[PDB]
């Protein structure tokens, strides 16, 4: 009865994780397009920048495909949980199914953060190299140093925002992963009662971490979106 109770609370918590993960992925990929536009306008004749754009588009395709799989695996996990509660299938198959949906989602999420991180850092590096060339050329060094300082200030604020999103979900992914690891060690009734108290508290805090992560995702949207418009201008 305790095992069936834990599997339900874990399954519900994992469902909440995929929702937040999907919201993040949709918004991060939206920011990436606008970021890629700013980068092209900043350096339109660079084959290196063009390679990054093609590479970023390819990575974006893989992220979308990977989450579609994660949603389907969650559905297979739902059935396996019911059957594990009904005693038809070994509960370990349900844990591996829940683990699969969890790991696939976070994997796609972490790649989205990395592509956006590298893109914002690319804009910063390209801008630093463009203005510095004008400063040393005497093309109004006073105005160039100001735009350089402003641009770096805008990219830094966006990089800090994206890093907050990763740390938000990484904490939730860490808690849920520890819960699944406890269930794999607690195979008998004796073990399950030892971890039951810790696991129940972990599932609640994991959902709290998702809440703070969802809040962080919203602020990251406003932060990066506004900063990308000032850069475009």
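Positions refer to the first chain, counted from 1.
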**Q.** Comparing 128-136 with 88-96, the one whose average Cα B-factor in the PDB entry is higher
**A.** 88-96
Q) Mean CA B-factor: is it higher for 62-70 or for 185-193? A) 185-193
Q. Compared with the other modelled residues in the chain, in which third is the CA B-factor of residue 21?
A. middle
Q: Would you check the entry's CA temperature factor for residue 47 and let me know if it's in the chain's lowest, middle or highest third?
A: lowest
Q: Report the third (lowest, middle or highest) to which the CA temperature factor of residue 231 belongs, ranking only the modelled residues of the same chain.
A: highest
Q: Place residue 148 in the lowest, middle or highest third of its chain's C-alpha B-factors, as listed in the PDB entry.
A: lowest
Q. Would the CA B-factor of residue 219 place it in the lowest, middle or highest third of its chain?
A. middle
